[PDB]
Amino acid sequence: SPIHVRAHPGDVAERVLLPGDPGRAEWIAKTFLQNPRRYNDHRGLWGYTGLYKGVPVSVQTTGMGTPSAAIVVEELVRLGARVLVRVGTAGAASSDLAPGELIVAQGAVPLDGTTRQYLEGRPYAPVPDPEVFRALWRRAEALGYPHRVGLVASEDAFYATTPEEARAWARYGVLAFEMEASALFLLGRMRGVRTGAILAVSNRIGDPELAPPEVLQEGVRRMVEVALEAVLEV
């Protein structure tokens, strides 16, 4: 059994969703999955498995940061995960993005040391699996939810980025900041598995608090629904 996600042979399904927060994971399992069984709770890394419209689907908590997320991904791939789609939140880098908006990550700027350690310092363009990416973009369009497509930046120091630095990054195409995408995408190519990421803007860089819970929840629901319909596509 893996060191952190202590699950067994058949616990994890080929299709997995990766929320960073264990609380969102739980909500997804109860709200969208039939016959949900929690196969792991060690280290608060709640992971569940059930059926979504007849297809087996897993929901695994990654924790915050790429160091934490990388661990979960590597182990999920060992357990059998084939398609892993992250469903998280992000802080808008600019002002054209408003809380509640969705982001289909086309790529993730690697500002984290996890991808850096796996790459031994080499440059790199973390991008999701083209198919998964395409699937997320279609489903989002299909459902008709206000969404954006483009770059996000995966960082490590949540509290080190200043609004001014956020603006500087936006001039480079970064729509928002998060802390897991880059490593996921990198591992996707390294371990030969299909990955993707869709985010829900929960705040603007610099905000002392997140957007009103109502606004937030609605974006999360839409995001999860897109991700779920998308994972079935591939």
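For every residue, the number given is its place in the sequence shown, counted from 1.
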At least a third of the other compared entries leaving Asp41 unmodelled, is that the case?
no
May I ask whether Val224 is missing from the deposited models in at least a third of the other compared entries?
no
Once you work out the mean C-alpha B-factor for both 27-35 and 180-188 from the entry, which is higher?
27-35
68-76 or 137-145, whichever carries the higher mean Cα B-factor:
137-145
Top Cα B factor in the deposited entry, candidates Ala98, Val127, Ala157, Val85
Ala98
Which third of the chain does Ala93 land in by C-alpha B-factor: lowest, middle or highest?
highest
Sorting the chain's modelled residues by C-alpha B-factor and splitting them into thirds places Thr115 in the lowest
Grab the CA temperature factor for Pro208 from the record and place it in the lowest, middle or highest third of its chain.
highest
On the chain's distribution of Cα B-factors, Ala227 falls within the third called lowest
